[PDB]
Each structure stands twice: as structure tokens, then as C-alpha cells.
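A.B. asks: This block holds the first chain(s) of the complex, placed as they are in the complex; more will follow:
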Amino acid sequence: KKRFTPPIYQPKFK
């Protein structure tokens, strides 16, 4: 199939 992974955003504290 059409394999795809969504990106993950880090918290806005670093």
C-alpha cells in the first residue's frame, strides 16, 4: 500500500 508516517513535533520548552 501507500506507506507513510507522520512527523512528531517536540514540546515548546526545549
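C.D. replies: Sure thing, it's come through. Numbers count the residues shown, from 1 in each chain, chains lettered A, B, ... in the order given.
A.B. asks: what number of residues lie near residue A:3?
C.D. replies: Residue crowding around residue A:3 was assessed by other CB atoms under 10 Å; the count is 4. Placement of C-beta: from N, CA and C, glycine included.
A.B. asks: how about it, secondary structure?
C.D. replies: Residue A:3 falls in the coil class when you classify it by DSSP: H, G, I helix; E, B strand; the rest coil.
A.B. asks: in which helix or strand would I find residue A:10?
C.D. replies: In this structure, residue A:10 is located outside every helix and strand according to DSSP states H and E.
A.B. asks: ok, now residue A:7?
C.D. replies: In this assignment (DSSP H and E), residue A:7 forms part of neither any helix nor any strand.
A.B. asks: neighbours of it, just the number please.
C.D. replies: Per other CB under 10 Å, the neighbour tally for residue A:7 reads 4.
A.B. asks: what sits against it?
C.D. replies: Taking CB atoms under 8 Å, 6 or more residues apart in numbering as the definition of contact, residue A:7 has no neighbours.
A.B. asks: what's the answer for residue A:13, then?
C.D. replies: Shown here is residue A:13, which makes no contacts under the criterion CB under 8 Å, 6+ apart.
A.B. asks: Look up how far residue A:5 lies from it.
C.D. replies: Here the criterion is CB to CB, to the nearest Å. By it, residue A:13 lies 24 Å from residue A:5.
A.B. asks: do residue A:11 as well
C.D. replies: In this view, residue A:11 and residue A:5 are 20 Å apart by CB to CB.
A.B. asks: Stretch A:5-14: end-to-end distance?
C.D. replies: With CA to CA, to the nearest Å as the measure, stretch A:5-14 spans 24 Å from end to end.
A.B. asks: distance between that stretch and the chain's centre?
C.D. replies: The chain centroid and the centroid of stretch A:5-14 are separated by 6 Å under CA atoms, centre = their mean, to the nearest Å.
A.B. asks: So which bits of that stretch are buried?
C.D. replies: The neighbour-count criterion (16 or more other CB atoms under 10 Å) identifies no buried residues in stretch A:5-14.
A.B. asks: Chain B follows; place it on the structure:
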Amino acid sequence: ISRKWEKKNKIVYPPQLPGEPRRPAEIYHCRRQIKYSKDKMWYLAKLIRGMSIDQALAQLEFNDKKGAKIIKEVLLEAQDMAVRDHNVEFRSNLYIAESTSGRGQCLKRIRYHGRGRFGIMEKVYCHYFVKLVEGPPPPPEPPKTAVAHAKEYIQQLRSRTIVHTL
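C.D. replies: Next up, chain B placed on what we already have:
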């Protein structure tokens, strides 16, 4: 955070004897939290190194960089504090002995790439160290001629002895 460069100007020496040399002076001064890169500051320090203070000021006045004026002001205020507090009479009888750079406190920001990913924007900071010594500047080390190499080779060939027996 550590601060040990600004405190070297308080080392008191005992009174000398009439049968002792003059002993040159040592002036320590440095600034903290300077918005600049450490590599460029080290390049400027390598450009300076051991030269006269007036020649250093002349080279920094026509140096097209950001930290040139900063180092110029640092040298100016150091010379002023030397001639006002460190008991220095001559203004042109000074030379930079040590000049290096360090690293300052850094933060973290974002970069925003072309997708969901990003980068770590680390605010680069640095410092600048310099030491002023009175007296005329020492001459540079002259390159050794063929006579020195010949003498060293003769000494090396004369120092070798019998080995692996007695």
C-alpha cells in the same frame, strides 16, 4: 559560571630588592557575554598575537568585522586602567602577550525546515581574553639557517654510541 581572569589584577607582590631587575607588569582584562562567534574571535586573536598595542589598534581600526571595534574598545579600556591604576606611565610601551577566545552561554531556538522536521538553533556566544605587558615587544624567532641544522646533525651523529652490548 566561573570568573578567574578579572581577579588576576589583585595579586600583590612583595617589595623587591635593589639588586633585582625591573620585572614587567601584567594587566588582565576581559569582557563577558559578547554576541559573536568563537572562531572569528580566535582568528582576530591570531591576527594580533604578540605585537604592539598601537599596531594592533591600527590593524583593528581597518578590519572589516564585527568584533574588531569590540576588541579595540577592550584594548583601549585595558590601557586606560593600566595607565590609571596599574602604575603605567608610557602609553606606547605595551604589547599583547596572550590573546585567546572562549565560549559563552548558549540557548536553544527553532529553525523550521521544509516539512514537519526542524533543527536546533543554538545561540553561539563567546568571550575574549587579552593580557598587556609593559616594555618593548620581543622580536620574533628568526628562522634557523643551514649552520644550525648542520650543527644539530653533527651533534646527533656524535651522540650515538654502541647499543645492545655492554
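A.B. asks: back to the contacts of residue A:7, now that we've got chain B?
C.D. replies: Contacts for residue A:7 (CB atoms under 8 Å, 6 or more residues apart in numbering or on different chains) come out as B:115-117.
A.B. asks: What is the neighbour count of residue 4?
C.D. replies: Since you didn't name a chain, this refers to chain A. Close neighbours of residue A:4, defined as other CB atoms under 10 Å in any protein chain shown, add up to 5.
A.B. asks: please go with chain B instead
C.D. replies: 7.
A.B. asks: The contacts of residue A:7 also near chain A: which ones?
C.D. replies: When CB under 8 Å from any CB of the partner chain is applied, the members of the contacts of residue A:7 adjacent to chain A are B:115-117.
A.B. asks: wait, which of those is closest to chain A?
C.D. replies: Closest approach to chain A among the ones next to chain A among the contacts of residue A:7 (CB to the nearest CB): residue B:116, at 2.8 Å.
A.B. asks: What is the nearest of the ones next to chain A among the contacts of residue A:7 to residue B:29?
C.D. replies: Using CB to CB, residue B:117 is the member of these that sits closest to residue B:29, with 44.3 Å.
A.B. asks: In three-state terms, label the closest one for me.
C.D. replies: coil.
A.B. asks: And it, how close does it get to residue A:14?
C.D. replies: Between residue B:117 and residue A:14 the distance is 14 Å, computed by CB to CB.
A.B. asks: if I read this right, residue B:42 contacts residue B:101, doesn't it?
C.D. replies: Yes. Residue B:42 sits in contact with residue B:101 when judged by CB atoms under 8 Å, with a separation of 4.4 Å.
A.B. asks: who has more neighbours, those two?
C.D. replies: Set side by side, residue B:42 and residue B:101 give different neighbour counts by other CB under 10 Å, the larger being at residue B:101 (23 against 16).
A.B. asks: quick one, what contacts the more buried one?
C.D. replies: B:38, B:41-42, B:45, B:126-129.
A.B. asks: how about a cut-off of 6 Å?
C.D. replies: Remark: with contacts taken as CB atoms under 6 Å, 6 or more residues apart in numbering or on different chains, residue B:101 is in contact with B:38, B:41-42, B:45, B:126, B:128.
A.B. asks: top of these by neighbour count?
C.D. replies: Counting by other CB under 10 Å, residue B:41 has the largest number of neighbours within these, with 25 neighbours.
A.B. asks: circling back to that earlier point, quick one: the contacts of residue A:7 as TSV, columns for neighbour count too.
C.D. replies: Supplementary listing: these in TSV, determined by neighbours: other CB atoms under 10 Å in any protein chain shown:
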residue	neighbour count
B:115	7
B:116	10
B:117	11
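A.B. asks: let's put chain C on the structure above:
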Amino acid sequence: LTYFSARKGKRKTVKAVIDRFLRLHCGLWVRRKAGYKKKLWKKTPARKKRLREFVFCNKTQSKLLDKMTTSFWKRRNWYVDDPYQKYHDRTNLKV
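C.D. replies: Let me add chain C to what's already shown:
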């Protein structure tokens, strides 16, 4: 065989071992040869007599049957009319 239960936390036994074997106090298990009651018309009378004999087990089999049981099945019973009473104690044993 459930080494630790959920109510008493003890050790449980297998009732099949008790219903198919018989442990003596000396450390031997009495079993029965399979097929001693089925298809007896095609077997010689010698085989029929051999299948109807109380055969003992081996070493690993006895160890397995002992591990499948607890300390209750390894005691000594004193029945009034026990036909296997003379087989509990084993005399004349030299290592």
C-alpha cells in the same frame, strides 16, 4: 501442574497420575501395560499373560511422577487389608 495457586499458594498434583499409577513407600511406581483388554483375539496367550502383570517404571519416569505429586502421596499408609503391604518396605539392598 501449577507450582503456586491463587488461593493457598501451595503445590497441586495431577489426578491422572494417581488414577493411572500407584506409588510405593520404597520409591517405586506400579503401572499397567496398555492394550491388555482390547483386541485379545489376535494375541498369543503368552502376550496376554505378559500384559496382565504389574510392571514397574524406570528412573526418569519415577522422578517425573514424584515431581508431579506433593508430599501427601509420598507417605506410608497402614491399610487393614492391603495386598501391596509387603511391597512397601524393600529389604536386602546393597547400594
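A.B. asks: Check the neighbour count of residue B:4 one more time with chain C there.
C.D. replies: Using other CB under 10 Å, residue B:4 has 7 other residues around it.
A.B. asks: Wait, a strand at it?
C.D. replies: No. Assignment of residue B:4 by three-state DSSP gives coil, placing it outside any strand.
A.B. asks: wait, residue B:5 sits on residue B:30?
C.D. replies: Yes. Between residue B:5 and residue B:30 there is a contact under CB atoms under 6 Å: 4.9 Å.
A.B. asks: Secondary structure class of whatever residue of chain C ends up closest to chain B, three-state.
C.D. replies: Nearest residue of chain C to chain B (CB to the nearest CB) works out as residue C:6 at 49.1 Å. At residue C:6 the chain is in coil, as set by three-state DSSP.
A.B. asks: burial count for it?
C.D. replies: Neighbour count of residue C:6, defined by other CB under 10 Å: 6.
A.B. asks: what do you get for residue B:118?
C.D. replies: The number of residues packed near residue B:118 is 14, by other CB under 10 Å.
A.B. asks: what do you get for residue B:82?
C.D. replies: Here the neighbour count serves as a burial measure; for residue B:82 (other CB under 10 Å) it reads 22.
A.B. asks: quick one, which of residue B:5 and residue B:30 is more surrounded?
C.D. replies: Between residue B:5 and residue B:30, counting by other CB under 10 Å, residue B:30 is the more crowded of the two (19 against 16).
A.B. asks: gap between the more buried one and chain A?
C.D. replies: Separation of residue B:30 from chain A (CB to the nearest CB, to the nearest Å): 31 Å.
A.B. asks: immediately after the helix or strand hosting that residue, which helix or strand?
C.D. replies: Here residue B:30 sits within strand B:26-34, counting by DSSP H and E. Counting by DSSP H and E, the next helix or strand C-terminal to strand B:26-34 is helix B:38-48.
A.B. asks: Alpha carbons only: can I get that next one in CSV?
C.D. replies: These are the backbone C-alpha positions of helix B:38-48, laid out as CSV (Å, rounded to 0.1, in the frame of the first residue of the first chain):
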residue,chain,number,x,y,z
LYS,B,38,34.4,32.0,18.8
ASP,B,39,36.1,31.1,15.5
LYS,B,40,36.2,34.7,14.3
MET,B,41,37.3,35.9,17.7
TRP,B,42,40.2,33.3,17.6
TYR,B,43,41.0,34.5,14.1
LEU,B,44,41.3,38.1,15.3
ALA,B,45,43.4,36.9,18.3
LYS,B,46,45.7,35.0,15.9
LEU,B,47,46.0,38.2,13.8
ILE,B,48,47.0,40.1,16.9
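A.B. asks: Great, nothing more from me.
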